[PDB]
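Source file: query30.pdb; contents: PDB, C-alpha atoms and all ligand atoms.
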```
ATOM      1  CA  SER A  42     -11.713  -9.398 -18.473  1.00  0.00           C
ATOM      2  CA  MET A  43     -11.357  -5.825 -17.154  1.00  0.00           C
ATOM      3  CA  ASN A  44      -9.474  -4.119 -14.390  1.00  0.00           C
ATOM      4  CA  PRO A  45     -11.199  -1.340 -12.434  1.00  0.00           C
ATOM      5  CA  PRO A  46      -9.907   2.215 -12.457  1.00  0.00           C
ATOM      6  CA  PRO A  47      -7.051   2.523  -9.964  1.00  0.00           C
ATOM      7  CA  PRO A  48      -7.448   4.388  -6.670  1.00  0.00           C
ATOM      8  CA  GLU A  49      -7.180   8.141  -7.043  1.00  0.00           C
ATOM      9  CA  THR A  50      -3.881   9.824  -6.258  1.00  0.00           C
ATOM     10  CA  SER A  51      -5.034  13.431  -6.747  1.00  0.00           C
ATOM     11  CA  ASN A  52      -8.226  15.202  -5.719  1.00  0.00           C
ATOM     12  CA  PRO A  53      -8.037  19.008  -5.731  1.00  0.00           C
ATOM     13  CA  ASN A  54     -10.955  19.499  -3.385  1.00  0.00           C
ATOM     14  CA  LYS A  55      -9.591  17.076  -0.752  1.00  0.00           C
ATOM     15  CA  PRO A  56      -7.710  19.101   1.905  1.00  0.00           C
ATOM     16  CA  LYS A  57      -4.038  18.190   2.143  1.00  0.00           C
ATOM     17  CA  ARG A  58      -1.134  18.599   4.537  1.00  0.00           C
ATOM     18  CA  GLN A  59       2.541  17.818   4.826  1.00  0.00           C
ATOM     19  CA  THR A  60       3.283  16.801   8.434  1.00  0.00           C
ATOM     20  CA  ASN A  61       6.486  15.397   9.915  1.00  0.00           C
ATOM     21  CA  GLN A  62       4.690  12.071  10.342  1.00  0.00           C
ATOM     22  CA  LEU A  63       3.723  11.994   6.665  1.00  0.00           C
ATOM     23  CA  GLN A  64       7.321  12.862   5.732  1.00  0.00           C
ATOM     24  CA  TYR A  65       8.483   9.875   7.828  1.00  0.00           C
ATOM     25  CA  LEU A  66       5.937   7.655   6.087  1.00  0.00           C
ATOM     26  CA  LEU A  67       7.519   8.544   2.738  1.00  0.00           C
ATOM     27  CA  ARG A  68      11.213   8.822   3.604  1.00  0.00           C
ATOM     28  CA  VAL A  69      11.393   5.866   6.040  1.00  0.00           C
ATOM     29  CA  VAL A  70       8.358   3.595   5.760  1.00  0.00           C
ATOM     30  CA  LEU A  71       7.545   3.582   2.048  1.00  0.00           C
ATOM     31  CA  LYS A  72      11.212   3.756   1.058  1.00  0.00           C
ATOM     32  CA  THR A  73      12.064   0.735   3.231  1.00  0.00           C
ATOM     33  CA  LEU A  74       9.266  -1.430   1.849  1.00  0.00           C
ATOM     34  CA  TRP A  75       9.712  -0.269  -1.749  1.00  0.00           C
ATOM     35  CA  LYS A  76      13.338  -1.439  -1.976  1.00  0.00           C
ATOM     36  CA  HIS A  77      12.676  -4.862  -0.433  1.00  0.00           C
ATOM     37  CA  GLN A  78      13.199  -7.992  -2.538  1.00  0.00           C
ATOM     38  CA  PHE A  79       9.521  -8.897  -2.027  1.00  0.00           C
ATOM     39  CA  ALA A  80       8.099  -5.477  -2.969  1.00  0.00           C
ATOM     40  CA  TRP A  81       7.409  -6.166  -6.643  1.00  0.00           C
ATOM     41  CA  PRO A  82       3.880  -7.712  -6.371  1.00  0.00           C
ATOM     42  CA  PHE A  83       2.836  -4.654  -4.374  1.00  0.00           C
ATOM     43  CA  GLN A  84       4.380  -1.805  -6.403  1.00  0.00           C
ATOM     44  CA  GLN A  85       1.378  -1.310  -8.708  1.00  0.00           C
ATOM     45  CA  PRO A  86      -2.318  -2.268  -8.702  1.00  0.00           C
ATOM     46  CA  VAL A  87      -3.138  -5.944  -9.144  1.00  0.00           C
ATOM     47  CA  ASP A  88      -3.524  -6.588 -12.890  1.00  0.00           C
ATOM     48  CA  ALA A  89      -6.268  -9.189 -12.691  1.00  0.00           C
ATOM     49  CA  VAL A  90      -6.345  -9.517 -16.491  1.00  0.00           C
ATOM     50  CA  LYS A  91      -2.686 -10.425 -16.985  1.00  0.00           C
ATOM     51  CA  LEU A  92      -2.600 -12.585 -13.835  1.00  0.00           C
ATOM     52  CA  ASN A  93      -5.798 -14.371 -14.881  1.00  0.00           C
ATOM     53  CA  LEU A  94      -7.558 -13.607 -11.595  1.00  0.00           C
ATOM     54  CA  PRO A  95     -11.064 -12.713 -12.792  1.00  0.00           C
ATOM     55  CA  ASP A  96     -12.446 -12.941  -9.244  1.00  0.00           C
ATOM     56  CA  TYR A  97      -9.860 -10.626  -7.655  1.00  0.00           C
ATOM     57  CA  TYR A  98     -11.994  -7.470  -7.821  1.00  0.00           C
ATOM     58  CA  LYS A  99     -15.104  -9.457  -6.956  1.00  0.00           C
ATOM     59  CA  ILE A 100     -13.513 -10.262  -3.581  1.00  0.00           C
ATOM     60  CA  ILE A 101     -11.340  -7.156  -3.062  1.00  0.00           C
ATOM     61  CA  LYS A 102     -13.525  -4.050  -3.079  1.00  0.00           C
ATOM     62  CA  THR A 103     -10.982  -1.673  -1.493  1.00  0.00           C
ATOM     63  CA  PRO A 104      -7.811  -2.306  -3.520  1.00  0.00           C
ATOM     64  CA  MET A 105      -4.590  -0.644  -2.477  1.00  0.00           C
ATOM     65  CA  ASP A 106      -0.954  -0.933  -3.496  1.00  0.00           C
ATOM     66  CA  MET A 107       2.360   0.779  -2.765  1.00  0.00           C
ATOM     67  CA  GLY A 108       2.455   2.519  -6.139  1.00  0.00           C
ATOM     68  CA  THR A 109      -0.749   4.302  -5.182  1.00  0.00           C
ATOM     69  CA  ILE A 110       0.580   5.077  -1.706  1.00  0.00           C
ATOM     70  CA  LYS A 111       3.858   6.382  -3.137  1.00  0.00           C
ATOM     71  CA  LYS A 112       2.021   8.727  -5.490  1.00  0.00           C
ATOM     72  CA  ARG A 113      -0.318   9.859  -2.716  1.00  0.00           C
ATOM     73  CA  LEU A 114       2.665  10.683  -0.508  1.00  0.00           C
ATOM     74  CA  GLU A 115       4.597  12.410  -3.313  1.00  0.00           C
ATOM     75  CA  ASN A 116       1.506  14.461  -4.198  1.00  0.00           C
ATOM     76  CA  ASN A 117       0.687  15.292  -0.551  1.00  0.00           C
ATOM     77  CA  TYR A 118      -2.747  13.683  -0.966  1.00  0.00           C
ATOM     78  CA  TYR A 119      -3.204  12.890   2.724  1.00  0.00           C
ATOM     79  CA  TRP A 120      -4.384  15.032   5.617  1.00  0.00           C
ATOM     80  CA  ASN A 121      -2.825  12.845   8.310  1.00  0.00           C
ATOM     81  CA  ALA A 122      -0.616   9.849   8.941  1.00  0.00           C
ATOM     82  CA  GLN A 123      -3.523   7.636   9.969  1.00  0.00           C
ATOM     83  CA  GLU A 124      -4.976   7.843   6.437  1.00  0.00           C
ATOM     84  CA  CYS A 125      -1.700   6.556   4.995  1.00  0.00           C
ATOM     85  CA  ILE A 126      -1.249   3.874   7.668  1.00  0.00           C
ATOM     86  CA  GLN A 127      -4.760   2.697   6.808  1.00  0.00           C
ATOM     87  CA  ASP A 128      -3.758   2.381   3.143  1.00  0.00           C
ATOM     88  CA  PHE A 129      -0.805   0.142   4.071  1.00  0.00           C
ATOM     89  CA  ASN A 130      -3.040  -1.959   6.302  1.00  0.00           C
ATOM     90  CA  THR A 131      -5.644  -2.267   3.534  1.00  0.00           C
ATOM     91  CA  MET A 132      -2.959  -3.505   1.160  1.00  0.00           C
ATOM     92  CA  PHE A 133      -1.774  -6.217   3.563  1.00  0.00           C
ATOM     93  CA  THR A 134      -5.295  -7.252   4.564  1.00  0.00           C
ATOM     94  CA  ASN A 135      -6.388  -7.572   0.938  1.00  0.00           C
ATOM     95  CA  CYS A 136      -3.550 -10.008   0.317  1.00  0.00           C
ATOM     96  CA  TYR A 137      -4.520 -12.122   3.326  1.00  0.00           C
ATOM     97  CA  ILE A 138      -8.221 -12.058   2.343  1.00  0.00           C
ATOM     98  CA  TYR A 139      -7.686 -13.140  -1.251  1.00  0.00           C
ATOM     99  CA  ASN A 140      -4.880 -15.686  -0.889  1.00  0.00           C
ATOM    100  CA  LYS A 141      -4.336 -18.896   1.086  1.00  0.00           C
ATOM    101  CA  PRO A 142      -2.253 -19.132   4.276  1.00  0.00           C
ATOM    102  CA  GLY A 143       1.331 -20.043   3.406  1.00  0.00           C
ATOM    103  CA  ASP A 144       1.128 -18.939  -0.235  1.00  0.00           C
ATOM    104  CA  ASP A 145       4.283 -17.231  -1.479  1.00  0.00           C
ATOM    105  CA  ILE A 146       2.430 -13.940  -1.870  1.00  0.00           C
ATOM    106  CA  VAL A 147       1.294 -14.112   1.770  1.00  0.00           C
ATOM    107  CA  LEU A 148       4.863 -14.781   2.961  1.00  0.00           C
ATOM    108  CA  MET A 149       5.931 -11.727   0.961  1.00  0.00           C
ATOM    109  CA  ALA A 150       3.222  -9.545   2.489  1.00  0.00           C
ATOM    110  CA  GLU A 151       4.139 -10.813   5.973  1.00  0.00           C
ATOM    111  CA  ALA A 152       7.784  -9.849   5.476  1.00  0.00           C
ATOM    112  CA  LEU A 153       6.846  -6.352   4.327  1.00  0.00           C
ATOM    113  CA  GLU A 154       4.314  -6.003   7.142  1.00  0.00           C
ATOM    114  CA  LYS A 155       6.943  -6.901   9.749  1.00  0.00           C
ATOM    115  CA  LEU A 156       9.149  -4.069   8.485  1.00  0.00           C
ATOM    116  CA  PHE A 157       6.153  -1.733   8.331  1.00  0.00           C
ATOM    117  CA  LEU A 158       5.369  -2.438  11.985  1.00  0.00           C
ATOM    118  CA  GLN A 159       8.995  -1.944  13.008  1.00  0.00           C
ATOM    119  CA  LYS A 160       9.102   1.466  11.311  1.00  0.00           C
ATOM    120  CA  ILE A 161       5.663   2.643  12.461  1.00  0.00           C
ATOM    121  CA  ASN A 162       6.678   1.863  16.027  1.00  0.00           C
ATOM    122  CA  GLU A 163       9.000   4.884  15.811  1.00  0.00           C
ATOM    123  CA  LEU A 164       6.639   7.266  14.030  1.00  0.00           C
ATOM    124  CA  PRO A 165       7.672  10.700  15.376  1.00  0.00           C
ATOM    125  CA  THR A 166       5.440  12.832  17.523  1.00  0.00           C
ATOM    126  CA  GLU A 167       3.715  15.590  15.544  1.00  0.00           C
TER     127      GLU A 167
HETATM  128  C1  LIG B 201      -3.567 -11.851  -5.431  1.00  0.00           C
HETATM  129  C2  LIG B 201      -2.519 -10.931  -4.733  1.00  0.00           C
HETATM  130  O1  LIG B 201      -2.664 -10.620  -3.645  1.00  0.00           O
HETATM  131  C3  LIG B 201      -1.391 -10.375  -5.552  1.00  0.00           C
HETATM  132  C4  LIG B 201      -0.777  -9.154  -5.268  1.00  0.00           C
HETATM  133  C5  LIG B 201      -1.052  -8.233  -4.127  1.00  0.00           C
HETATM  134  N1  LIG B 201       0.161  -8.938  -6.225  1.00  0.00           N
HETATM  135  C6  LIG B 201       0.178  -9.955  -7.087  1.00  0.00           C
HETATM  136  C7  LIG B 201       1.158  -9.870  -8.278  1.00  0.00           C
HETATM  137  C8  LIG B 201       1.944 -10.837  -8.983  1.00  0.00           C
HETATM  138  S1  LIG B 201       2.788 -10.094 -10.151  1.00  0.00           S
HETATM  139  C9  LIG B 201       2.253  -8.579  -9.846  1.00  0.00           C
HETATM  140  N2  LIG B 201       2.596  -7.341 -10.529  1.00  0.00           N
HETATM  141  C10 LIG B 201       1.699  -6.146 -10.285  1.00  0.00           C
HETATM  142  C11 LIG B 201       1.929  -4.931 -11.164  1.00  0.00           C
HETATM  143  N3  LIG B 201       3.250  -4.819 -11.677  1.00  0.00           N
HETATM  144  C12 LIG B 201       3.614  -6.026 -12.414  1.00  0.00           C
HETATM  145  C13 LIG B 201       3.791  -7.167 -11.447  1.00  0.00           C
HETATM  146  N4  LIG B 201       1.357  -8.532  -8.806  1.00  0.00           N
HETATM  147  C14 LIG B 201      -0.825 -10.876  -6.722  1.00  0.00           C
HETATM  148  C15 LIG B 201      -1.142 -12.258  -7.486  1.00  0.00           C
HETATM  149  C16 LIG B 201      -0.492 -13.418  -6.767  1.00  0.00           C
HETATM  150  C17 LIG B 201      -1.034 -14.810  -7.240  1.00  0.00           C
HETATM  151  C18 LIG B 201      -2.483 -15.108  -6.711  1.00  0.00           C
HETATM  152  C19 LIG B 201      -1.004 -14.940  -8.748  1.00  0.00           C
END
```
How does this structure look as structure tokens?
Amino acid sequence: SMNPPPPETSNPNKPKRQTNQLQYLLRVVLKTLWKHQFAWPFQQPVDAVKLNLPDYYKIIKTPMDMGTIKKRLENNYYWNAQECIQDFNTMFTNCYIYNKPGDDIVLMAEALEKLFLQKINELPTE
């Protein structure tokens, strides 16, 4: 079995910015989810080899995880907050696509997503 290359976290020819919204996404949103008791399955790319999930990357073609998001934020990879919000939403959606309703992993994603929504509700104006 093989894992794919992880999502990129640096791309020198991609234009980058540091906005107050992106700062909030790191200092408030990511930090809140990262410290949560249910964060651990989401802190690095899914290791389909070790988890014995050979179909994971057959079903999930746009993988995303908080380790990737954290590095993107720390490296100022994004142009705007919407790009980063999309990454969080991709991460949650992938979990719901792959897994079964009520699975532990889905309950974990739901708990993190609730906090995400609470924090994004107060995203500052630019
Ligand atoms: C399939 C799924 O949606 C999953 C997601 C987002 N995460 C995990 C998971 C478990 S353990 C771990 N890591 C990652 C990297 N660092 C080591 C610990 N990730 C899964 C598998 C759940 C179940 C189907 C076996």
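Residue nearest ligand LIG 201 (chain B) within the list A:104, A:86, A:56, A:47: A:86 [criterion: smallest interatomic distance, all atoms listed in the file].
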Residues within 8 Å of residue A:149, all atoms listed in the file, excluding chain neighbours under 4 positions, as a PyMOL selection string: chain A and resi 79-80+145+153
All residues having an atom within 7 Å of ligand LIG 201 (chain B) (all atoms listed in the file) as a ChimeraX atom specification: /A:81-88,92,97,135-136,139-140,146
d(atom CA of residue A:68, atom CA of residue A:118) in Å: 15.5 Å
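Counting from atom CA of residue A:74, the distance to atom CA of residue A:54 is 29.6 Å.
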Counting all atoms listed in the file, the residue of A:44, A:64, A:73, A:93 that sits nearest residue A:157: A:73
Contact residues around stretch 158-164 of chain A with all atoms listed in the file at 10 Å, ignoring same-chain residues under 6 positions, as a ChimeraX atom specification: /A:61-63,65-66,69-71,73-74,122,126
Counting all atoms listed in the file, the option among A:129, A:98, A:120, A:137 closest to residue A:46: A:98
